[PDB]
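The data below hold one chain only, encoded as structure tokens and taken in the form deposited in one PDB entry.
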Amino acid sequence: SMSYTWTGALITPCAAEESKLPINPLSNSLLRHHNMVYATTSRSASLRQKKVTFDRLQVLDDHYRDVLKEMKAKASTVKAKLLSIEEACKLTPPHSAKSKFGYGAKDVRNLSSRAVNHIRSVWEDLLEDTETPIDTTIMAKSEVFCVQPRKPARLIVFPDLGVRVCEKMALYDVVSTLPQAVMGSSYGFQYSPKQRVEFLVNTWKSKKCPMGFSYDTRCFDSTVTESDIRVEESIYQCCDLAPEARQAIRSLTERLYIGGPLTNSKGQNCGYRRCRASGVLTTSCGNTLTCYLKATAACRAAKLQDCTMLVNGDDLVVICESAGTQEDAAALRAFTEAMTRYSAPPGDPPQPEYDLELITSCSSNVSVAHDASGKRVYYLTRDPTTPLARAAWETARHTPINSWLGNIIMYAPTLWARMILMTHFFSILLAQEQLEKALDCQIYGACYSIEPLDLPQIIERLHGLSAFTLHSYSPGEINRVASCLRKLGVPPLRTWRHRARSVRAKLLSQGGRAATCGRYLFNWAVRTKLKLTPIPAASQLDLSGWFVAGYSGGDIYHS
């Protein structure tokens, strides 16, 4: 069927939309070619609609059914709990989109009577009505990028706040534990960056002759069929569930997940969706299961040998035993035709890779550097263009979510995160006296509130002390960074080193945690290297829930 149907009403913004990076003294200090940075707006929605609107072709075979059963066998071992209204409310980010029924995220978090009572009526409605398509809002997403040698806006679709809290009640526990139970080590979100690198590196070295490839599905959400979503529900249904949770899942599947009506911000009927909605709780888990199911079966169809996969939502990376250059290229092509029949045609043409550093997955790649001892150390990195562009935008404009903070956290060991992001934001924060103010950022889609001053302990725990001593990065990595800086008009190494020494001096003079940030985060900026010993606070850190599951588009806040 058609992924989308349109009435002709426009996808409208609900306020003024900024498209250009402001000329700001602070941001200009980070990136000078401000004209290369732009934010997508509803003005390009029409372009996106065209690309995501098409008929889906799907042919299921024995391999598909075989794998599905294997997956359900594992799902069968799970017992999901069903969250209380209060537990669900507490999972709503403070900046979550308000309800059209007289209450916002704040009322939900504070368990206001109007919010809880409306939430209860919505739940009761899910138990009683198994057919009525739930309404959803379609909006053009506002994201920042750097121009290329421009991307149209992504379209997000999400139900009312009341429904969102109900989703949490019925499926939060499911989407948090089912993926790992069914997919085991193949489930990417259970890994921290370091553990992802470890898994990838060990898998790679475990092959006699490794061959790997990332597989990019063209607009994955739109390729998801009604069949796919019901297959997804069938897996969820193998879980031991509370009666009400079971009905809620059945109802949400038919009324929301398989599709439904689209309404713009002006309240006008916009069209109909028959594919994955980007803004529901099951999107990450659902996409991961779907991608995993299709790929695993595609692998069997292509006769790839000793396949080891890593799936993060619609992101897939496979590492196998090579059968030789020619055979590999043919097998990859067969794999692709298999995925195509399953309704997951390729966007960028997949290509086999024989150098692990050249494989980009989850927008990142593995690279190696050296610690102070001179020992090789693997770590996760990525082209810094987008991170830097967004860092600039966030410097000039206040944003609910600070991607720079998440990038410092997730890419702490990288040359660019340390040289530029750390230096830039700490100098600004120290100057504005806000080192103590907690800020929100996202990790695998979930929102977290973090204190910049705790960064040293966080980095030590997630990446190890070596994150503060890496040097001698790869020529490929160094060149990518340097070319990025020239492209965006970002100051050179020497400028950042000078700025870094300057902030480090100040951080040290403040004592306490600031001093710790100065010693560990910027030891790279000085010749007189301080001794970096284990930070006591890094022992009493509970960072386990950070890497349990993916929640992008799931409106999740972890506290």
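Position 1 is the first residue in the sequence shown; the rest follow in order. Take the two forms, superpose them, and find the largest set of C-alpha atoms that agree within 1.5 Å; that set is the rigid core.
Each structure in 5 other deposited structures of this protein is fitted to the shown form on the rigid core, and of 23 to 31 and 42 to 50 the C-alphas lie farther away on average for 23 to 31. Core-fitted comparison in 5 other deposited structures of this protein shows that, between 251 to 259 and 470 to 478, the CA atoms farther from the shown form belong to 470 to 478.
Modelled in this chain, residue 541 is nonetheless absent from a third or more of the other compared entries whose models extend past it on both sides. Missing deposited residues between residue 149 and residue 150: 4 to 9, all without coordinates in the entry. Legend: mean Cα B-factor per stretch from the PDB entry, 320 to 328 versus 190 to 198; the higher mean is in 320 to 328. Averaged over Cα atoms, the B-factor as recorded in the entry is higher for 106 to 114 than for the other of 106 to 114 and 269 to 277. The PDB entry assigns the greatest CA B-factor among 336, 367, 308, 287 to 308. Per the PDB record, 483 has a higher Cα B-factor than any other of 227, 217, 483, 340.
Sort the chain's modelled residues by C-alpha temperature factor and residue 527 lands in the highest third, per the entry. The entry lists a Cα temperature factor for residue 210 that places it in the highest third of the chain's modelled residues. Ranked against the other modelled residues of its chain, the C-alpha B-factor of residue 101 as given in the entry falls in the highest third. Sort the chain's modelled residues by C-alpha temperature factor and residue 497 lands in the lowest third, per the entry.
Among all modelled residues in this chain, the alpha-carbon of residue 400 has a temperature factor (C-alpha) in the highest third.
As for the form solved in complex with a small molecule, it is not shown, yet the points below apply to it.
The shortest heavy atom separation between residue 407 and the small molecule in the deposited complex is within 4.5 Å. Interface membership of residue 3, defined by any non-hydrogen atom within 4.5 Å of the small molecule in the deposited complex, is ruled out. Using a 4.5 angstroms limit between non-hydrogen atoms, residue 164 is distant from the small molecule in the deposited complex. Using a 4.5 angstroms limit between non-hydrogen atoms, residue 193 touches the small molecule in the deposited complex. Between the small molecule and the residues 444, 335, 172, 236, the one pair within 4.5 Å by heavy atoms in the deposited complex involves 444.
Checked against the small molecule in the deposited complex, the candidates 430, 362, 331, 82 yield a single residue with a heavy atom inside 4.5 Å, and that residue is 362. Remark: of stretches 164 to 172, 73 to 81, 250 to 258, 436 to 444, the one touching the small molecule in the deposited complex is 436 to 444 (heavy atom within 4.5 Å).
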